[PDB]
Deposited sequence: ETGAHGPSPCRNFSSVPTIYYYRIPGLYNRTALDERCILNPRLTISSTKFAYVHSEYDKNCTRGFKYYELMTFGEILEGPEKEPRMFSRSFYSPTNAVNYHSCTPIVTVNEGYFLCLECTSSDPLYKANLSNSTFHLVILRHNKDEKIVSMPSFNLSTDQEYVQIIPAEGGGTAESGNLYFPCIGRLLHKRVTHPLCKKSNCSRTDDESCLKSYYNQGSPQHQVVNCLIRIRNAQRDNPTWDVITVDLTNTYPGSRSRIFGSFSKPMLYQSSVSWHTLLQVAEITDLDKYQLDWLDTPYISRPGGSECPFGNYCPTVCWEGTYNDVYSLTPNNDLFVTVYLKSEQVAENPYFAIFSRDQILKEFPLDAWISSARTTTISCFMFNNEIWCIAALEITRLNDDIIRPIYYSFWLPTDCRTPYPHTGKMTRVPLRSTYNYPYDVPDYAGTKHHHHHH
């Protein structure tokens, strides 16, 4: 059935908080960060990072990966259930695990590196990719690739997985990556067509460098793996991109899509149809006024070129084959990581939005996936939050029921 686009007779969207995947004694003494989730139909692949109370300045217990199922909860809402969780030992050396889900396998592309800042403090010579493969009632498998051995279409200093998620198509896995180019191959970057200043083009080019990489351009790429085997890096179209950042390659009714977090002057929502996956070519979509909190230079809704490197990741999901109706959980704030809103929107207008629970003290990374469940349209979002003024740091999860009948949205 077709999703409703008109919410005049839909004062409330029905949504339900669903439990996390495990509970433990003294879970409040753990700092759980960086939720990554991809759902396809009835299966999901999920990963998060578990630390002591000091978060990334303390010990990392787990890079915790799981392949699970969507099942009914007590109020007929879809819930995530998993029985088996997996982690490397010495979790601090495993970074940026990026999930793909299929009906029979959960896949995670991780980077092993001794540095805490692998993109900027390590290179191909001292990094190794690991593809973790999870299956129901079977042993985990790990397939590895020293970074030096990866076939690349451009020369890179370093490449890391881009975290938000990937997709399986044409018998291959496609994971987003971020790389630092050896040479200055971005020469005519995408910039604002109607310039705000005489130096916009300069700003647009300079935006590809940052404090971590002052001399090498930071760009989006993808890692394609076949027979998960052969591994290839494909660089994004360098005339049609934005500075490399945490991203997700996702499916919209079997066609590939990109969400790219906005770290640059271009603070507005960055979502594209991927028009040729094996050449990583894009058609960027129009959006309404949906952005992310930033800093003083590139706060929410900045649209003129300048040089900055800031922002949160808050991804989207399409409810239609035509990619004209989307959901997100975005942060309605100029500069602070707080105030998450669920929003339903077309390319032109925010159609309905509302704040989530008032007891959320802060929120940073958010991710959302939608699926058919009991012949109904549902979305699950994972929010990286804190509660009780940073006393309790771990993600929460919501299930949203999206109506198909604009007159009578919710039966019974």
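Trainee: Enumerate the deposited-sequence segments absent from the coordinates, judged by C-alpha atoms, in order of position.
Mentor: Those stretches are 1 to 6, 235 to 238, 423 to 454, listed in order.
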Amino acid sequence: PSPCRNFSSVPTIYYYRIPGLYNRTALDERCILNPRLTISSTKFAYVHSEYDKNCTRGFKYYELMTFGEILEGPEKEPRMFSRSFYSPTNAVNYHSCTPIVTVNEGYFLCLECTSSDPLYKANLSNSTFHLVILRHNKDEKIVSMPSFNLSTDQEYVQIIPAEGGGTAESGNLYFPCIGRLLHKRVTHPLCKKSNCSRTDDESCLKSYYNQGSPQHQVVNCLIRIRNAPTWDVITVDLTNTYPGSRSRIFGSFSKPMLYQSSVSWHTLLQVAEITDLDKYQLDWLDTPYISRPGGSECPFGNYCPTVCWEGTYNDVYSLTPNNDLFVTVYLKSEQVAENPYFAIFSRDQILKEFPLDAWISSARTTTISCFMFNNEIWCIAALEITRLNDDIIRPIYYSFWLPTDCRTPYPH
From here on, numbers count along this sequence of modelled residues.
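Trainee: Taking only the CA atoms, which stretch has the higher mean B-factor in the record, 262 to 270 or 190 to 198?
Mentor: It is 190 to 198 that shows the higher mean C-alpha B-factor.
Trainee: Tell me which stretch, 98 to 106 or 156 to 164, has the higher mean Cα B-factor listed in the entry.
Mentor: Taking the mean C-alpha B-factor of 156 to 164 and of 98 to 106, the larger value falls to 98 to 106.
Trainee: With respect to the C-alpha temperature factors reported in the PDB entry, which of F342, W231, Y313, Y280 ranks highest?
Mentor: Answer for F342, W231, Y313, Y280: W231, with the highest C-alpha B-factor.
Trainee: What's the residue among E63, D52, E376, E384 with the greatest CA temperature factor in the PDB record?
Mentor: It is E376.
Trainee: State the tercile, meaning the lowest, middle or highest third, of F85 with respect to the CA B-factors recorded for its chain.
Mentor: Middle third.
Trainee: Using the temperature factors of the C-alpha atoms in this entry, rank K141 within its chain: lowest, middle or highest third.
Mentor: For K141, the deposited C-alpha B-factor lands in the highest third.
Trainee: Place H216 in the lowest, middle or highest third of its chain's C-alpha B-factors, as listed in the PDB entry.
Mentor: It falls in the middle third of the chain.
Trainee: Lowest, middle or highest third of the chain for the C-alpha temperature factor of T367?
Mentor: CA B-factor rank for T367: lowest third.
Trainee: Taking the chain's C-alpha temperature factors as the reference, tell me which third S254 falls into: lowest, middle or highest.
Mentor: Highest third.
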